[PDB]
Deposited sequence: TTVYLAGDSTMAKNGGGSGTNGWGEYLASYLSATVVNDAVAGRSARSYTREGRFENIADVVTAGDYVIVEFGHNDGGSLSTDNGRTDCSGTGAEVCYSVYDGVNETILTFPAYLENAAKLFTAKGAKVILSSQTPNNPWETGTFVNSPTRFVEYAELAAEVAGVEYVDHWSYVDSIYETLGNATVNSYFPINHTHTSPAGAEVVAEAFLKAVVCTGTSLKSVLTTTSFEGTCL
């Protein structure tokens, strides 16, 4: 069995550079399944789609494999940076001339739904996961400030008939517990990329979420002992 990962610098091997790492690098150790980390720094649901990266996974996935999809950090606005999705949750389309093409730009849920349907057709088990939080201790006071993309991932899961993991909430829960000095130490570059220790915390919070939510992936866990509490 193989688990394919789609995401951005918070998930990717080597993170955002300069010493950081992504959470997808801290899963293999706890799964009986091979992990293929196809996350890439800087990508949004739109640009990951446009770059053919969901299609790349689709073309190698085998029946019974899993695909975990987690975007949002790069999906918001600000002229066309090649990443911003069209606003909304449905069938809205936005047109933009980007890299010499009049591009048809979809909403964040449509991109996720379309990828999910593609993987389901190939026999894969798709897990849509809400984005991780930017450092919630940046101000010295804990702030839980979900982006619109958190619930949009849940919406997408429901429309596509696939599983949802609220990775956001499990990360912010353990960050609240770990506290100000510890969590600030996980963000040496900007408030998004994580140090290796933070990437591991973030991965362990995904695994906690799987145990607590009863996600299908629990079947390939080799332990259920992860820090934090069920939410």
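Segments lacking C-alpha coordinates (deposited sequence numbering, starting at 1): According to the record, the single gap falls at 79-80.
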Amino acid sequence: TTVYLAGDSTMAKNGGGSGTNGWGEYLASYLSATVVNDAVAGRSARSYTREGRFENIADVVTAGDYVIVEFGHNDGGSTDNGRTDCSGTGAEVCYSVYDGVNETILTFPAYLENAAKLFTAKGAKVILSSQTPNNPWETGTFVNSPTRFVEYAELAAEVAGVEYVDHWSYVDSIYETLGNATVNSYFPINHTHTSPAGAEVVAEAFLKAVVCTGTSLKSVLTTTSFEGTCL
From here on, numbers count along this sequence of modelled residues.
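Of 43-51 and 174-182, the stretch whose C-alpha atoms average the higher B-factor in the entry: Stretch with the higher mean C-alpha B-factor: 174-182.
Stretch exceeding the other in mean C-alpha B-factor - 58-66, 164-172: On average, C-alpha B-factors are higher across 58-66.
Out of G72, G88, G140, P133, highest CA B-factor residue: Comparing C-alpha B-factors across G72, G88, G140, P133, the top value belongs to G140.
Candidate set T192, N37, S195, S29 [ranked by C-alpha B-factor, highest]: Comparing C-alpha B-factors across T192, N37, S195, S29, the maximum falls on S29.
Ranked against its chain, the third holding the CA B-factor of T10: CA B-factor rank for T10: lowest third.
Ranked C-alpha temperature factor of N21 among modelled chain residues, by third: Tercile = lowest for this residue's CA B-factor.
Entry-reported Cα temperature factor of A116, expressed as the chain third it lands in: For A116, whose C-alpha B-factor we compare with every modelled residue in the chain, the answer is the middle third.
Where the record places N81 (Cα B-factor, split into thirds across the chain): Highest third, going by the recorded CA B-factors of the chain.
Position of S129 among the chain's modelled residues by C-alpha B-factor, lowest, middle or highest third: Tercile = lowest for this residue's CA B-factor.
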